[PDB]
């Protein structure tokens, strides 16, 4: 039967990189005999312009009818004057995560062979490589906890946010981390602030409870402040990093920047039934939008993660991943991945998409 994908390209470079993801997907559909239908919906900035809000009713209903959401990027200068609490990025993402109970965020990041020099780390550290999967709990903690608000006036006006976690919420994300570790390098590093936070005392406790089901996986705990430091000295010693909502927000961006290659990084946000939202790690880069410069790899790898986790099409997901590897080691690189004495070897967004789609079609 026909899978149904909701396509939410958003703002900035979203539509131009989404076009290349669709191109690649068409090559995969033909090679593997998949029947996939796509419907496009406004989200973010474009939705505010066209409908008055960043997540229109029609869009939300469209996602409810889909097997997965293939998401681009949202936001730009034009809407920053809106209060930070009505801007498009938060306005679209928090309710989507909340509505669909997308509790599990996966953010894989690795240094690719040959591109170590783009990392902002010292060259002897980046030479060692790294490959870290950040597992972030997405629907609990301080993002959605109540009470939240403010009271009082004048000097004594106060605001409050509540961080809350239940054993059940911790155990379900921890299990995901352990199962992932089992397929990787069998180490989970859980990140908390258990010397200060009641939530973190419970976090650490529950993670140790879950660990009894995985005697083959090594478990260590690290404080969030220390983790930001250790990622700079020994990123090669981490495998799976397991984080609460806010800690994962922070650490995943640190790790992404350590690659030096955010155009290569994708993200999956999923619920327990396998429905998810799949997006590039980076932003909407409105200043390069419309010029065919943007790197479509992150959006293409988003589609690969969607095939794998939501559609259960492992062979098709793998084929995309290998087509990307082929591009990277055949010199098909975009401008931001070249030292700028090389900048004239740069491929455009379309050339990248064509190459990758052709590779899939050729049986890579």
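Numbering follows the first chain given and starts at 1.
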Quick check: 227 to 235 versus 285 to 293, which has the larger average CA B-factor in the record? 285 to 293
Given 302 to 310 and 30 to 38, the range whose Cα B-factors average higher in the PDB entry: 30 to 38
Per the coordinate record, which of the options 254, 279, 131, 216 holds the highest CA temperature factor? 216
Per the PDB entry, which option out of 140, 77, 72, 98 has the greatest Cα B factor? 77
Taking only the Cα B-factors deposited for this chain, tell me whether residue 327 sits in the lowest, middle or highest third. middle
Of the three thirds of its chain by CA temperature factor, lowest, middle or highest, which one includes residue 364? highest
Which third of the chain holds residue 168 when residues are ordered by C-alpha B factor: lowest, middle or highest? middle
Determine, from the deposited record, the chain-internal third of the Cα B-factor for residue 108: lowest, middle or highest. middle
Cα B factor band for residue 126 (lowest, middle or highest third within the chain): middle
